[PDB]
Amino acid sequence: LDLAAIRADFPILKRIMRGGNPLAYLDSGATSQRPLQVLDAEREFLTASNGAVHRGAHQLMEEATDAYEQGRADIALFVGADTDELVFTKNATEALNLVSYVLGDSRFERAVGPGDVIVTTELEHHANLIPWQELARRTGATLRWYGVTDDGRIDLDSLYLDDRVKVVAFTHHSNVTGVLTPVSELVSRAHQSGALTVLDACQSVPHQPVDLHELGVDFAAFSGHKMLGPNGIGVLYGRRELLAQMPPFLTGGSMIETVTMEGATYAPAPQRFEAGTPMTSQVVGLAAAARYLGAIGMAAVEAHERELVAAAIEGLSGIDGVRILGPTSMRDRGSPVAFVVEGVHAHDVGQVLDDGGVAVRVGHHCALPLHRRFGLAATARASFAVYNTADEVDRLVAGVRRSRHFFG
């Protein structure tokens, strides 16, 4: 891959920060930056073909509808789904909520109730935790969780086969430890109780090849804005056969088959799960982001990010009193790199890095139970994207040494 060419696609990467250094953006794990192909795909659509989708029958409606459904097809190809298995939401969080609500719905045969068990993990982002707490609260189902190994991996030895388990929710790829999870083993175990699997793929889809059929998960969620796409668009994957059995979550226009004052019947999937005007221009932008990543190639993206991640782990590990949260090994590991600086609070570490133009996240990264499990209040997190460079990793390492000097 031509890294200089790739970086030339992202206007924001030229920015000079308040400390006088060019941006080193190491927070793509929170939200990614946009290349011109994504900005221009969206603006070209809005200035030429902006009309209602699937509503009426004029020329702009036909063009907007074509762009909406071709975008769904492009994104499905990118993640190894069929077109009809993707549902658009405002974010990944909403996708996991949709599944968490349908699993409590009397009209769904696979809904959970008292005596049933929901399993999540102590590694999870809050988006793949709080909806399971709420589903347990509403239905009287029991919540359980896999624990975390000392190296920040899902602890497969921490739960055992239980016929009561009906839902197993787990990350594909940790947003803190960077661990790549044993999906095949977790699915095989889920199937031993006839449990449904819910894959949090927010940090896999931007960072590695993903084939959702191959993975054999029942559901998966991912986030447009983390994969170079627009804000305001998430995706739920659901196996065709499962979406067909599922009652709607949000209701309103566009998702009905019939309506009277007394009641309604509902459209087939995926229209069943898209209530009201969709994020039409954002689908166009997200499809452009999928084509962009596809043109680099997701194996090449993962190889580049793994080079940066290893350099970060090795450079930070070379600083006395700096500890990684997650493995130092690159086995089954990718972005990001979360770390503690002995004797320097994460807020002070992030401030020093920021003074040098290096943007990292400080805090719990939306995974507080994970931090608590390691007795940590907060970490600094450098996350990596296809546009980041070895020189930005060197500036990360230099900033962390500077923070030790400045406070030490």
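One-based numbering along the sequence shown.
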query = Of 42-50 and 339-347, which one has the bigger average CA B-factor?
reply = 339-347
query = Which is higher in the entry, the mean Cα B factor of 156-164 or that of 284-292?
reply = 156-164
query = At the C-alpha atoms, which of 94, 257, 200, 134 reaches the highest B-factor in this entry?
reply = 257
message = Just to confirm, going by the entry's C-alpha B-factors, which of 276, 114, 234, 230 comes out highest?
response = 114
key: residue 75 - Cα temperature factor, lowest/middle/highest third of chain   = lowest
task = Could you look up the Cα B-factor of residue 309 in the entry and say which third of the chain it sits in: lowest, middle or highest?
result = middle
message = Please place residue 30 in the lowest, middle or highest third of its chain according to the CA B-factor in the PDB entry.
response = lowest
Residue 60, C-alpha B-factor rank within chain (lowest, middle or highest third) = lowest
key: CA B-factor ranking of residue 393, expressed as a third of its chain   = middle
